[PDB]
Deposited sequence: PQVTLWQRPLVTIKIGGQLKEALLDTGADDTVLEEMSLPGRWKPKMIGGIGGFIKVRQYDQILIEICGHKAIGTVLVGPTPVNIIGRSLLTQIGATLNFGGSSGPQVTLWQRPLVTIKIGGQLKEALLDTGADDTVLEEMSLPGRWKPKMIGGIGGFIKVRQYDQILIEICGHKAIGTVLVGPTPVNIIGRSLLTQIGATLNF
């Protein structure tokens, strides 16, 4: 199917004999599920995100059926606020991001121009809003807390900010704060006609 990004891109998955809902997340390298019962051995792992890091259990060779497609790979389990399907499984179901078409074997980075500056940012279907690392932006803003895989961060909310993303113009909200990576979220992805296809 093709999916636009006006809403969170959620899918139904079956793993370990259980049914769950998960977010197709182009900004995630790997799949991370909330605590659940999985069969077999696993290795202790630390992963980072917005908010910091979390400790997860790493299971390999885990069979997952994501929509009507089967895939085998690494599944991380731990204190994530939402189940996410990352790129290492997205590639297995043939998922692409279109706006150019882009496969997901590598992080989907784009060049953006904002506030007269050039930066690189990750097209992130798992992010509601756009979040950039500290930078100089003109004008007024509002304090705001946003949540992510490792907890919450305080950001500055700038509205009606012009961004040119891969040479497409869009105006929307941009959050600025201690994110580890610049991410372009759904509220700007919709404005450049981005879709997920698998």
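Colleague: Since the structure holds only modelled residues, which stretches of the deposited sequence does it leave out?
Modeller: Missing C-alpha atoms (numbering from 1) occur across the range 100-104 alone.
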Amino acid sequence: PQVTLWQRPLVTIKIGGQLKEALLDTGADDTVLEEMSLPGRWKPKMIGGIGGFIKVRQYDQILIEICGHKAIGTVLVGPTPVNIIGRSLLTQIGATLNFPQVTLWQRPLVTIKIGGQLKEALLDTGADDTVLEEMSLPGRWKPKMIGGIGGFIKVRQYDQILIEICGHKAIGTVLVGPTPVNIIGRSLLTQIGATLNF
From here on, numbers count along this sequence of modelled residues.
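Colleague: Between 138-146 and 55-63, which has the larger average Cα B-factor in the PDB entry?
Modeller: Mean B over CA atoms: larger for 138-146.
Colleague: Taking the recorded C-alpha temperature factors, which stretch has the higher mean, 18-26 or 174-182?
Modeller: Per the PDB record, 174-182.
Colleague: Sorting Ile47, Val131, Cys166, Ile163 by Cα temperature factor from the record, which one lands on top?
Modeller: Going by the entry's C-alpha B-factors, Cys166 comes out highest.
Colleague: If you compare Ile85, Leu123, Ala71, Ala95, which has the highest Cα B-factor in the entry?
Modeller: Highest C-alpha B-factor among the listed options: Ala71.
Colleague: Ordered by C-alpha B-factor within the chain, which third holds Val155? Give me lowest, middle or highest, please.
Modeller: CA B-factor rank for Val155: highest third.
Colleague: Based on the deposited C-alpha B factors for this chain, I'd like to know if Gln2 is in the lowest, middle or highest third.
Modeller: Highest third, going by the recorded CA B-factors of the chain.
Colleague: Would the CA B-factor of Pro100 place it in the lowest, middle or highest third of its chain?
Modeller: According to the entry, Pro100 has a C-alpha B-factor in the chain's highest third.
Colleague: Going by what the PDB entry lists, where does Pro79 fall on CA B-factor within its chain: lowest, middle or highest third?
Modeller: According to the entry, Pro79 has a C-alpha B-factor in the chain's highest third.
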